[PDB]
Structure formats: C-alpha cells, structure tokens
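Q: What follows is a structure written as structure tokens; I'll ask about it next.
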There are 2 protein chains.
Amino acid sequence: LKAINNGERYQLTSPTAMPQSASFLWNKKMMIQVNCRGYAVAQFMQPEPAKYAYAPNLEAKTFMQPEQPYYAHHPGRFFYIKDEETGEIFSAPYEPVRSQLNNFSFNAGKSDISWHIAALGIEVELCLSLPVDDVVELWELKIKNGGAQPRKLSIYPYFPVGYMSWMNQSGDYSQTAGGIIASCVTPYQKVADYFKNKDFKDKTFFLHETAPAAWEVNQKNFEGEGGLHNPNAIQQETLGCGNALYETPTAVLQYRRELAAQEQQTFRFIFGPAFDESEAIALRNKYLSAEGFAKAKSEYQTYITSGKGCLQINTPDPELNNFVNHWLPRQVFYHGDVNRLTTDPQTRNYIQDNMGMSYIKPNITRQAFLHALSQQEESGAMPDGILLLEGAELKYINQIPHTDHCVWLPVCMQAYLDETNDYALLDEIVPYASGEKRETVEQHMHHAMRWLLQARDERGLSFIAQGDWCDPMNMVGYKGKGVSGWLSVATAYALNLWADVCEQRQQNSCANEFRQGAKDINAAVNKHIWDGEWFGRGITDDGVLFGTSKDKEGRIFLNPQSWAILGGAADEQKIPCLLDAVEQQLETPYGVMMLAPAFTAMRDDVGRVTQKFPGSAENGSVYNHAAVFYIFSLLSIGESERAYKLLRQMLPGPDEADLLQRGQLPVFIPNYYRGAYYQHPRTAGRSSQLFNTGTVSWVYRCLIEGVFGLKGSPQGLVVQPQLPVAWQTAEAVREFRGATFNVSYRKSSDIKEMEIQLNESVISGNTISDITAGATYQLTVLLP
Amino acid sequence: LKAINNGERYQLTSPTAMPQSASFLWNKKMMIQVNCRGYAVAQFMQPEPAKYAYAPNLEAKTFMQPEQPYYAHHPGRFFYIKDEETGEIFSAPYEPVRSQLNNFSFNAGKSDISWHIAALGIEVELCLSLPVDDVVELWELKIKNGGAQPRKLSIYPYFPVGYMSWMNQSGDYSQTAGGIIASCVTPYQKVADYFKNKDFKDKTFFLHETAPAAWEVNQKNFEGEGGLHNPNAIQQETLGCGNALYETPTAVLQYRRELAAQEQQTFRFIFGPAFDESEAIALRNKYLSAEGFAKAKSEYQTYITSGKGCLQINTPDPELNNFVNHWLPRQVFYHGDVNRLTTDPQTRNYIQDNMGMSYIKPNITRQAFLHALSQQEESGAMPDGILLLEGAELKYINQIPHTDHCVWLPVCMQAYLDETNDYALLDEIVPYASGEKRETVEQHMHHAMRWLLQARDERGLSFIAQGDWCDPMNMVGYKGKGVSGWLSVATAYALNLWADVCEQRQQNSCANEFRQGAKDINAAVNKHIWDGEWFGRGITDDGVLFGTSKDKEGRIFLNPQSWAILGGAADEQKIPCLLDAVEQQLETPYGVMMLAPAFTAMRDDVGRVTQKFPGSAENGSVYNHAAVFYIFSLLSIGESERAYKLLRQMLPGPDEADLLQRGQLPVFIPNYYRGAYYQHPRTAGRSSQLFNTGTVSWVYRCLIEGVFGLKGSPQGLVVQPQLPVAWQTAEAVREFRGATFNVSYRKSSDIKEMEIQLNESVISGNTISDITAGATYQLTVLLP
Ligand SMILES: [Cl-]
Ligand SMILES: [Cl-]
C-alpha cells in the first residue's frame, strides 16, 4: 500500500487485505465509488438522483450506507478472461471469480481509477475515468500476452445492469449504437409522476469501440448453473447472443483473439444512462475513441487542477504530506463544487462545504452566501435546506424541524472574510424567501442573529425542537420546551464573531447588541448546562439535563465542550476540566468519539440517535466532523500538541495494524471511524468508507490557518504557526490573495520569541502586509 | 413431475428443469413462497407487512414481483453437509452449492413443503410447515447414512438474515434462547414513526432443539473468500463462533456427527420474527419439540380441511381431477380467509375473494358483505379499498380514484344467494362510512346501483376517472370526461342481476328502475362503443374511442366482450362476431390474452397500462382473471366446448413442452401467463408464479355451477351440466346446503333430452327440491 506516480495515485496490492477499501470519482453530474474488488456504486443527477446499474432485486432509493456491505451480485465492473486452449478462466479486477492472481494493483487516482492484474501469463490493465460534464463512464481495457508463445483468449466484459423495474425491463444488442442497450420504465402509479418522469434516462448502454464476436443480454443465460464463479456462457465456445424480454438484462460481450508473444491489445467501452438510442450515440461519437478519451482526460485533469487549493506542505511526516498535498484538496473541492449531488443540501452542509471553497474558488463561496440568504425567511430564521433548482423540494431530514441553521452563517463567513477580505459582499442586496423585501447581506445576517436570540426559552437557552447539529437528536424538544446545550454555546460563538464584523464595519449598536446577547447566553449556560467537570448536552422537554455524570450512557458529548471553548462559556478555570474529561472518556487511538459511552437502547427524551448501533454514526462513533470542531477549538486556545495529535489520528497509517483495522485507503477522510471503543473493541476504528462529509473543509481550514498558521486578516497574511514540537524543520507553499509565499519553518535555540524574515530581512510583528498579486515571497519563520 | 401421497403432495424431481417453480404456504398471519432450489420469500403481519429474512442490500417495501428473479444471496432455507473424511460438501435443497445430486425431490404439499435429496451416500430430508396462528417456520431436518460404513459429517443450517437496517443491526448466539438472535431497528426519521413502530418484531431468531457444536452469526466470516459455493467457515474444522456488530448477521450452526450404517438422525429448528427474546422463547416452548411439531401439523391439517370446499370430481382428465380436488380449494380458501394479508384490500378483491368463500365457509362471505357495506359512502359510492383494521389506511392503488367498485356488489352477491339462499342478509342493518344513517343491506345495494347510474356522462356511459377493473388504465379519463366501455357493460349486468333480486324480494319499482337503467346503458354502448366486430374499451377525455380496429396496438380487449355478453349489450347477432374476434386475435395455447396486440410504447390517453412490458400483467398477458370472466360469459350462453377448452388451458400439463415453457408446478393458478403471443413467442406462456389472484374464486364457481352444473336456486339444486363432449362418463360429489349429492353423469344415445334420476327413480324438471341436511342423494344424469 503506497503512493505512486509522484502522488497522482495510491496503490493497494492485495484484493483481500482491505476488502472494503475504495476510492471515488465525480463530475458535474455524477459520482462513483469503486471498491478494490470491482464492485461499484454510481449515482447521477437528472436533475434528481438515479442509477443505471441496479441491484438484482428491487432496491430502496439510496446512494450508499455506512460500511456498505457488498455481495456477489452487487453492481460492479468486471472482465472475464478465458484461455481457449485450456478452458481456464479468471476475472479482473478480482471478483466475480476470485482466482489466485500472480499480480494485483488497485490504483486510486485523482482523476481515474485503475487496476493491473495478472493470471495465466496474461497481463490485464483496466482504467476508468469520467469527463467533466456528461454522465458516462470511460473504460479502457488492455490485454497483453506476457509469454513466449501465442495464446488464444476469449475476453468478456461483464457489466451487469441488474433488475431495473417491475413494470417494464428488457434489453437487446443494437448494431447501430454499437453495443447493448437495456431499457426500463421507472415504476410509478400517479399520473403526475408520468409527467414528472418523462425525461428520465431509463436506458442503460454499454457500447464497444471495437465490434465483438458475440454478446449476451440475458443475465440468467449468462450464468446458467455455473453462476458468476464459472458462467455457462463462458464455458461455451461462443456466447449465444440472447436478449432480455421482461427478464433481468446484462451487458456481456465476447472478443476472441490470438495474441503473439508480448502482443497487447486495447479495447474501449462506455457505460451509462441515456434517454434514448440517439443520446447513447451522441455520447459514443463524443467519447468512444483514443481521441475522445484523451480530450476527456485532459479536460478532467484541468478541472481537478483548478481545485488544487492554496497549500502544499513538506513536513517530516511523509503520510501527512501525501494526504494534504494530493487527496485533501480534491475532497474539499468535490463538496463545494457539486454540493454532494442533492438539489436540497442541508443548510449547514451547504454553508460549511462552501466555507471550504474559500481556500479553492472563493467566488463559489461568495455565490453560496448570496444563494442561501435569498432563501432566508422574513423572520430571520434560515430554512432547513437550500434549494439549488426551481421546483426542487426539501427531502428526508430537511422536513424535520431542526433549529441550528443560522449559526453557520457568521461562523463560516468569518473564514471567507479572513481569506479574501471581501467585506464588500456584505453590501450585496438579496431578497428573502417570501415578501417584496430586498436587504443587504449584512442586514440579513443581523436578522439571523436576532432570530437566534429570540429562539430561546425563559432561561435564555436555545430551543432544540426535533434536532440541532446532531440530526437524529429528535426527542429532546419535540414537545416544544427542550433546549440545546450545543446550540446555546454555538450561538454565543456566532454572536461574538458577528459582533467583530459589525465593529470592523462601524455597526456599533449591533456589535453591542450581539456581544451582550452572547454574554447572556453564556451566563445561562453556566447556570443551567455546566455540570461540574464538563458542559451538558441539553435539557429535555420535561426539564432533565442529559450529557451529565449522572448518565450511564451519553455521559459526555464532545460538541458542547468544543463550542463552549469557542463561544466563551468555558473560561480559564473550566478549560482544563474539558480537556481531561474529553481525554479520559472520548479519545481513542482512531481519534476522538463524539459521545460516550454509546447508547445501547432507546432513550426517548433524547431520541433516534440513541437507537443507532453503538459506535456507528452519531451514536458515539469517531465522527470526524465533531472531532474537527474539537481540533479547531484546541487551536483557538493554543493547545497545539493536542490539536495536532487528534488531527493526525484522522489519517490512517503508516502503522500496519491501524491500516488493516480501519480498512481504508488513505485517499479521503470518511465521515466516521467506528467508536464505542471501550464497549466494542473488535470493530473500533472501522471506516464508514463514506467520502461525503463536511469534515474536510474544517480539516483544511485547521491546517492552513492553525497548524501552518498562515491566516488572512484585513492587513494581510498573519503568521501564527502551531507546528508539533517534533518537527525540527518544515516547509509550506501558500497561495494567498493572488501571491505565493514559500515558507520555511525552523526551530532555533538562539531565540526567545518567534522571528519572521521576509525575503531575508527580519520584520517586526507577524503580519505580511505588502502583498502584490503574482509575486512570490520567501518567508523564514524561526521558532523557539 | 407428478402427484404423490394420494394427492396430498406434488413432486418435482429436477432442480434445474423448472428452476422458477415454487409452492406456497400461509396461515392467519403470514405467507411464504418457497422456490424449488431453496430460495424463499416470507411476509407477516404485525399488523402491517414485514419480513424477518432480508435481502443483502436495502430493499424496497414489496412482497414479490411477477416472474421474481432469484439471485445467489436471495433469502432462502439451506443446509450444508460436509464429509469430514474427504472435505467434500453439498447443500440441500440444491442452492447454494449446486452439486451433482444422486437424488432430488421437491414436494409441494397442501400443509407442508419438503425436499428429499441425496449426495455422497447421505440421504437428506427437509420439511417446512407452519402453525395456524403464530408467525414461525417449523423446520425438520433428517440426515441418514445410506452406506455400509460409519461416516463422519459436519451439518450446517444456513438461514441468512440479510441486511436488516442501516440504523442498527447486529446478532449473537444466545445460550438461553437456544440459538441465534439477529436484531435491528427499522429505519425511520419522524418522531411519530417511533410511536407507530414500537411493537415491531425487529428480531429474527433461529432456534435449535438440539445444542450444536458451534455457530457463526457474521455473514462475511461465514463466507470468507470461498463465498456461498464453498464457504470458508465450512472448510475449517469448527465454525469460529463470531457475532455481528453493525455487520450483516447470519444464522449458521454446526452439528458434528458420526453416523452408523443406516443410522438417521433428526434435528428441529424454528425461524421467524420476535419482539424480544421472551417471545422467541415462548415460541420455542410452544413448538420446538416432536410434540409441538405434531400438534401444529394436526391443527394445520384441520384448518386446511375446514376449507376443503364443496366439490370433488372424477373425470377422464386425471390432471384436472388432481388440480380441482387437491389444489384449487386451498387457493380459494387462502384468498377469503386472510384477504391476501393486506389491511386495505382493494374493494373488488375483497368482494370477489369472499365470493369464493360462498362455496367454502359462506358465513365469512356474509360477514364480508356486512363489513364492506358499513364503509359505503353516503352517496352510495363504494371506496377504493376496504379497511380491515382500525387505524389502517388506503395504500398504493387504493389512493388513485377508480370507479368500478360498486359493480362487484350484486355480481358477487348473486353467487352468495344462489349458493346459500340467505336472502335474510338483505335485511341486516349496517351503517355507512360517515353520518348517523343505518339502513338495510338491501337499501345499501339500491344506493350502490343508483350511484352507478348517476356516475355516467351525457351519452349515458360510465366515467372511468383514473381507472376501472384495469388498475393501471389511468389516463383515459383523468381530465374528468373519459368513459369506460367495460364499466358500462358491466354496470348493465350488475343492474340486471340486482333487478332480479328486487323482483324476488317484491321490490318492484326498484326492479323496473334498474332494468330500465340497464337498457339505457346498453343502448348507449351500442350507439357509442360497439365498433362493428367487437365492443371498444373506452372513450378518452378528448372523445377518441380506443380498443377498435383502427388501433394497431390494443386493437381488441377481452373484457368489454365478456361483459357485453353478460350484461346484454351483445345480442344474438353480435355474439358470434365476439367469439371469432376473440379467437382470432386473443386466444393462445396458454389461454386467452386480455388485449392484443400488446402495447410497445406509452399511449398517454390510455396510460400506464401501455408502459408495462408487452405481454406482462395487464399489457396483454394471459391474465387469468380476465380469461375467467370470458369463461363465465361463455357458460352463460351455453358455449360449453369453448368455455371448457379455455378453462382447461389455465392448468399447465400434461404436455411436457407446455410444462417446461410455463415453468410452473400445477399446484396453483398464477395471476398471469405471459402474453404477446404473436409479438414475442419465446416467452409466451411463462408463469408469473404469483398465487395471489382473484381468478380462482371464479374458476371454482365456473366448475361448480357451469361445467358440472350443480347450481343453487331458491328451490334447491339445479342440474345444468356443460361437460365437454369428449367425456363418456364423469362423477362429482357436491356438498350443498348441508347435504351431499353423489352425481354420475353418462352419455346415452337412447335419449333426446337430459334425464335426471334421484335415488334411481326419474324426476321431471331439473331441480332437486327436497333437501335434508345430513342426507346423501344419488343423482344419475344421462346426457345425449
Ligand atoms: Cl452532538
Ligand atoms: Cl381490461
């Protein structure tokens, strides 16, 4: 397991040591998660979510689950190879046959995913990639006779379409399209859904550049009694060229080749959805050639490059370097650039994902604030979701009243303003969700902060309704009286940040109003939530305070601690209680758990969070997004070593036991690693394998502004590093407001205070304030 | 393939010749479809539908689809057998290993399902059955060393639980319960669903009578790299006794036995859902013993016996005899006794399924009329569904306005009144769905018939809204103007039957009102629907008449023909046009198609029916329920040979090509055999394998009253047979109004008219009118 191609890829060389590991790709309209053994999950937008490769049964509407189980007929991307001289077979990448291989590489790439495998002296290369703007998978297969004698082979792509629909499904070979076309009608019953579903891409295509010897479109006939392990159609000399008539369809082709010693051949295919044959052919003409593949690859590299971000690092930790330089920025960029491929992002996701873009393409951030605030309610309250398309609707959790949505506005805007200095966004005029009222961004923000001050009970604590940041914490306040400890403390943080902005803008009454606000809230928190060694989590509708030392499950939550540090409820006296409480009850080798001990049964004044399996998701996992709010809190009070230790725990490896236990390639941060570390040690640390998470925008922020300490201010670039003490030297390159800063950090026993040199001469203070677009500056930072 | 055990069972001796074939069982709260290879689909009521054995992914809410595809990890019921001396393995019944077997029997039973298999000299017996009233599967395994030497075996039940839930799933071995308990929390998000789901049976148990050597509850660890074909846990000496912690759970046990020459051992298990361990143990104590199995089997036999029905036959066709005597009555009884295990049966299903019970347990019929009519709307209109439980709701198609619901009332009541003579039901007082109005059944019926007369347009034709009997015919009248040809003619039938009842009850104005009604409708049909050689199907919202000779797809529908014969729109002149049109365009070797040619693309003034795959379900399949309305129509005009031919086509076999093509065991009539006979001959005749269908109550009625001609009247039993001419003799035994009639039929060239003898002396007329409860009468019926 290691980086290759100068960081462009990361290679895993066993199909069994880490069998859940995967990587992803995306583009403007789709995403695909590819498992190391050949399984895959693909979703596209049209404009709502859909799939073209289906399960063999009628599946629920869903993308993936955490810790997704795969199974033999799970959708996947495979090539069977048959020795026509011996009848022996194997499959690439490893499933479905699972033969002994002589060689195996799975390569996660920034811009592609690929495998190299060998068996029976035949060398197989498989490469997947996507164009920027169309929904289609670009597949490249290379087969090489690696021996001294000719070899006769039958080569079979197997791209199973699955059970498409109970109403109508079929498939046939189309000579005109040049491959297989499966077709269905998405089930429905209401006449309105006919009109709504009319432009669905209900065909799935698998198209060949090179005409094959034969094909099979009927899944059962492909398998016969041999099943996937040894399909009958492959035991025969030739595929039988069957179709599917209200039978489960499949995409199987056959090439028969005699290959000379050392001879290699290449075959191209495309796979995806289409409205009709005409669209499949349009895509074929556009992509299915050496030239279409090359042009797509180079447009796609350029897209990834445009999102490369603002920080390259060179530290003594080569695993961190590789992760931060090569993998983190693409994962941030995915979130803000396509908003997790939903037409109704959760508001807090929209805002936090876009916060991350401040460091990548800040104009997308700016647009995101304008778009979100145009959907603010006239009361100042923000909706649970942001609609990205006319006609979309709030779905799933966005229909369940949660109360924290306004908080994110000044919290995330702060990052934007520090990075860009675009205080002028505050003067942009935007409407509200209803009414004829158009007001500046700044007036919107004021009304959001007033909303949060009004949405509090007689004690001055924030109402929780059916949840706050913790989506399934739904029964604390469902009767209309319960309050959140996390929301209270986070509200005080928000109010303090926004009061700073008001002061910076000469809005001095506002600055006072909101600072007073924050003091009131923190007082109420200190009176009603503080539990003696840590802050509690909320007070239920019936007046019980939970997240306290009296509770046997859910005894401490991370979030109220992190956010009391930030918002100022935690003073100098309280902070060391927090740190030790968190370390004793929540820290693990895989990072910090969000609550503990995990709940093992329903507690119905807290609610659905407590019914999740203990140590999964919000029920006490190492939930990385909560972990990173703690990291950030630690950085805000100079707890440099603690912060770095806990941040570095998010990245698996290089320890081999760690790698195997988490079962993840280190090419993304998952939403969680399994918690309940004390209750269930066997599974603890296991990765969810979910690449969708708002964690990464905060991780990137922590590195840039906190660890490396290269943070923007209205004066310029502020140098305030918090490197771990083990590093004798490190470098970073920072792109900032159109300039580049080559930074060298070095520990020196000759000094008492940090000393900063700019282009060799020493500065006073810690701000670089003469910044010209296009220039490069040498910074030397000497540290005690 | 043939009947065994004196008709108690039917045996199939290949696992591959008919791999979709199955049988079912049910009880008061559940049903299970068992496939010949070991796959199964089970549903239970609690009080809504649920499952305990899940797919390996997140499946949609559904029972089964037509022509259900199975796949390797589909839920199933399996036993692996390992030769500990050689490492060789096989599985019962055939999946998952698919080894060569020395012997194979699949036995569909009336009261159980079982297999006998042999391989490696070991003889395996497997038997499934259910008790009458609890949700639990009773499993009995027998293993016999069939050789001369001792043999060492490892024996592994494999009952996979599947992927239960993304929120929470697990499993472990429980010594106290005596087996494996998988556990989950059904996913939800709304607080109201917590309260609604609180008593769900979210545990699945697999409990052993005999303590095993080891177990495995983690599915992945069971399989390892060997997969289902050759699981790793079975290659080992002993199972590793793992659990499942937010991993997909499984039920695997291991018994290790040395068996003497000829020695057999028996192992018992139960499998099912439970709320908690306490319920699993309650079921264990009740059932898991030789004595619990025996008591359950004998209570279950008694339940099936109580539904045996009123007709045993002995004809020259031994396939018909077996089907009618042994299989048909249980399938009728299932429908009315549990109403297809939905809490909101479609109204037309409720009424027609219960009609069938007239011949089985007529008091359930009577209750069904009372229950249905208590939910009639004050306008006289009937709702789309009948609610069988306080709090249930209309679901799926029952939310989409269909208009035919009232029609079934007099159509099906006629059967009830002829069979039982219970005209006194008509005087029972029942409420309506809303209001304080309580009226007699008879007044309700009048208001239903008036409803049907009012629900017609200016031309006097019935509005279709979003459908009639054809559930997905949703776009003929969705704008509020379209009308049905089928509903018009069926309304006239209904009105005529009900006018007869009114006359029989001295309600003479009503009798006139409704007879006039029927004449008006038939006139309008003859003016606007008749198309010259057959009756059209409807007139769209924009005034187009479809189901005509001008249409290239959907050129003729069966239903308007059948029902014009019944209701009298078709006169003596028109009837022979119908017969020839139906025979030329609709008849097939597998029976009569409901429409043709099948639709191959959306036609959006007809609607969703046209998007189903051509020859599946309502889009031109041999849809048996439509076929049987034709059969019944044919009988009502003395077309004896045509009627019998088409009825006999519903029963597959004995022709071998027929059997293999339809792919069904002849132990039930499916809802459809594939149509589009001319467009897609390769698949035509394929069985849906769906045992839920309102067909069978009409088939039973046709046999009893039509073919065998033993029909009730207010005078007694009317002898009016329509035997096919090939039969030289036949017998039937008819139970009727508490008496038995041993009937012998014989063709005699000595007579001009039918002659009937009762206890050897000749009667005049054709009615037996002296009927004493408990008596047996000899009837001899001589025919020309
Ligand atoms: Cl939380
Ligand atoms: Cl119809």
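Reconstructed Cβ throughout: ideal geometry from the backbone, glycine too, with neighbour counts over all protein chains shown. Rule-based calculations on the coordinates, nothing more; no lab input.
Q: In nm to one decimal, list the spacings between the A:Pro714 label point and its equivalents in the other copies, with label points set 7 Å along Cα to Cβ, shortest first.
A: For A:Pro714, the inter-copy label distances come out at 10.0 nm.
Q: Treating the Cα atoms of the protein assembly as shown as identical point scatterers in vacuum, please give the log10 of the normalised Debye intensity I(q)/I(0) at q = 0.05, 0.08 Å⁻¹, two decimals.
A: Debye curve over Cα of the protein assembly as shown, log10 I(q)/I(0) at q = 0.05, 0.08 Å⁻¹: -0.48, -1.15.
Q: Taking all pairs of distinct Cα atoms, average 1/r, flip it, and tell me the Kirkwood hydrodynamic radius of the range B:1-60 in Å to one decimal place.
A: Hydrodynamic radius (Kirkwood, Cα pairs) of the range B:1-60 is 13.5 Å.
Q: Would you list, by chain and number, the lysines whose Cα falls below 19 Å from the Cα of A:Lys51, excluding same-chain residues fewer than 8 positions away?
A: Cα-Cα hits under 19 Å: A:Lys28, A:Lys29, A:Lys61, A:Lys196, A:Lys198, A:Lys201, A:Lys203, A:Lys395, B:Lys61.
Q: Related question: Enumerate the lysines that B:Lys2 could reach by cross-link, defined here as Cα to Cα under 27 Å, with residues fewer than 8 away along the same chain left out.
A: Within reach: A:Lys220, B:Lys110, B:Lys142, B:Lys144, B:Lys297, B:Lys308, B:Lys645.
Q: Could you pull out every residue, at least 5 positions away or on a different chain, whose amide H is within less than 5 Å of the one on B:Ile4? Hs are placed 1.01 Å off N in the peptide plane, and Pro or chain starts have none.
A: B:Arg9, B:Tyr10, B:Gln11
Q: Using a/c under 1.5 as the rounded threshold, could you call the range A:628-680 rounded, prolate or oblate? The axes a ≥ b ≥ c are square roots of the C-alpha gyration tensor eigenvalues, and prolate needs a/b larger than b/c, oblate otherwise.
A: prolate
Q: Taking square-rooted eigenvalues a ≥ b ≥ c of the alpha carbon gyration tensor, is the range A:290-449 rounded, prolate or oblate, where a/c under 1.5 means rounded and, failing that, a/b exceeding b/c means prolate?
A: Prolate.
Q: Then there's this: Can you list, by residue number, the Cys in chain A that have no neighbouring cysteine C-beta under 4.7 Å?
A: If one checks each Cβ against the other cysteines of chain A, A:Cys36, A:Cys127, A:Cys184, A:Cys241, A:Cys310, A:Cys406, A:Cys412, A:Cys470, A:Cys577, A:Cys702 turn up with nothing under 4.7 Å.
Q: Can you put B:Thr302, A:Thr588 in order of Cβ neighbours within 10 angstrom, beginning with the fewest?
A: Details: B:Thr302 11, A:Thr588 19.
Starting with the residue having the fewest Cβ neighbours, the order is B:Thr302, A:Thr588.
Q: Can you give me the relative contact order of the range A:1-276 as a percent, contacts being Cα pairs under 8 Å and 6 or more apart?
A: 20 percent
Q: Nearest 10 degrees, 0 to 90: what angle lies between the long axis of helix A:640-649 and the longest principal axis of chain A (Cα atoms)?
A: So the helix axis and the longest Cα principal axis differ by about 20 degrees.
Q: Assuming a ≥ b ≥ c are the square roots of the Cα gyration tensor eigenvalues, decide whether the range A:379-519 counts as rounded (a/c under 1.5), prolate (otherwise, with a/b larger than b/c) or oblate. Write out the running numbers ahead of the final one.
A: On the way: a/c = 1.91, a/b = 1.23, b/c = 1.55.
It is oblate, given that a/c is not under 1.5 and a/b is not larger than b/c.
Q: How many nm is it between the label spots at B:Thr62 and A:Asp193, if each spot is 7 Å from the Cα in line with the beta carbon?
A: Rounded to a tenth, the inter-label distance reads 1.2 nm.
Q: So how strong a dipole does the range A:1-276 carry about its Cα centre when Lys and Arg Cβ are +1 and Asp and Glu Cβ are -1, to the nearest 20 debye?
A: 540 debye
Q: What number, in percent, do you get for the relative contact order of chain A if the mean sequence gap of Cα pairs under 8 Å and at least 6 apart is divided by its residue count?
A: Relative contact order here is 9 percent.
Q: Let me ask another. Using a 7 Å offset from Cα along the direction of the beta-carbon, what are the separations from B:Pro316 to the same position in each other copy, nm, ascending?
A: 10.2
Q: A further question on this structure: Pairing the Cα long axis of helix B:328-338 with the longest principal axis of chain B, what angle in degrees results, from 0 to 90 and rounded to the nearest 10?
A: 90 degrees
Q: Using unit Cβ charges (K, R positive; D, E negative) and no other charged atoms, how large, in debye to the nearest 20, is the dipole of the range B:223-374 about its Cα centre?
A: With only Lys, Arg, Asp and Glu charged at Cβ, the dipole is about 780 debye.
Q: Average the reciprocal distances over every distinct pair of alpha-carbons in chain A, invert the result, and give the Kirkwood radius in Å.
A: This gives a value of 28.1 Å.
Q: With labels modelled as points extended 7 Å from the Cα through the Cβ direction, what inter-label distance (nm, one decimal) is found for B:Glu88 paired with B:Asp520?
A: 8.0 nm
Q: Please list, in order, the residues from the range B:302-335 whose amide nitrogen is less than 14 Å from a point placed 7 Å along the Cα→Cβ vector of B:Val725.
A: Answer for this model: none.
Q: Roughly speaking, what is the stretch gain from B:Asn363 to B:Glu8, that is 0.36 nm per residue apart minus the C-alpha to C-alpha distance, in nm to one decimal?
A: 125.1 nm
Q: Once all Cα-Cα distances of the range A:211-285 are split into 10 Å bins that start at 0, what whole-number percent is in each one?
A: Reading upward from the zero bin: 16, 37, 34, 12, 1.
Q: In addition: Say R0 is 60 Å: what FRET efficiency, to the nearest 0.05, do A:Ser174 and B:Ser744 get from their beta-carbon distance? Write down the numbers at each step before the final one.
A: On the way: r = 63 Å, r/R0 = 1.04.
With a Förster radius of 60 Å, E is 0.45.
Q: Follow-up question, since we're still on this one. Between the range B:523-541 and the range B:458-481, how far is it from one alpha carbon centroid to the other, in angstrom?
A: 14 Å
Q: Summing +1 for each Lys or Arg and -1 for each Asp or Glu, what net charge is found among the other residues whose Cβ lies under 12 Å from the Cβ of A:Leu389?
A: Around A:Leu389, the charge tally is -4.
Q: Let me ask something additional. A:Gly712's amide H: which non-local residues (gap 5+, or another chain) put their own amide H closer than 5 Å, with H modeled 1.01 Å from N in plane and none for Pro or chain starts?
A: A:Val718
Q: Any chance you could give the angle, 0 to 90 degrees and rounded to 10, that helix B:575-585 forms with the longest Cα principal axis of chain B?
A: In chain B, helix B:575-585 runs at an angle near 30 degrees to the longest axis.
Q: Kindly write out, for the range A:683-699 in residue order, the coupling ³J(HN,Hα) from the Karplus curve 6.51 cos²θ - 1.76 cosθ + 1.60 (θ = phi - 60°), rounded to whole Hz, with x marking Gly and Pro.
A: Working through the residues one at a time gives 9, 5, x, 4, 6, 5, 6, 8, 7, 6, 6, x, 3, 5, 4, 7, 4 Hz.
Q: At 222 nm, what value in deg cm²/dmol follows for the protein assembly as shown if DSSP H runs of at least 4 each add -39500 (n - 2.57) and the sum is divided by all its residues, to the nearest 500?
A: -8000 deg cm²/dmol
Q: Can you run the Rg to Rh ratio on the range A:317-708? Use alpha carbon positions and the Kirkwood inverse-distance Rh. Write out the running numbers ahead of the final one.
A: Details: Rg = 19.7 Å, Rh = 20.9 Å.
Expressed as Rg/Rh, it is 0.94.
Q: Taking a label point 7 Å out from Cα toward Cβ, give me the nm distances from B:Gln454 to the same spot in the other copies, shortest first, one decimal.
A: Values, ascending and in nm: 5.0.
Q: Could I ask something else about it? At a Förster radius of 35 Å, what calculated FRET efficiency corresponds to the Cβ-Cβ distance of A:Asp658 and B:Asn285, to the nearest 0.05?
A: About 0.15, to the nearest 0.05.
Q: Please compute the Kirkwood hydrodynamic radius of the range B:1-276 from all pairs of different C-alpha atoms, in Å with one decimal.
A: Numbers: mean 1/r = 0.0523 Å⁻¹.
Evaluated over the range B:1-276, this radius sits at 19.1 Å.
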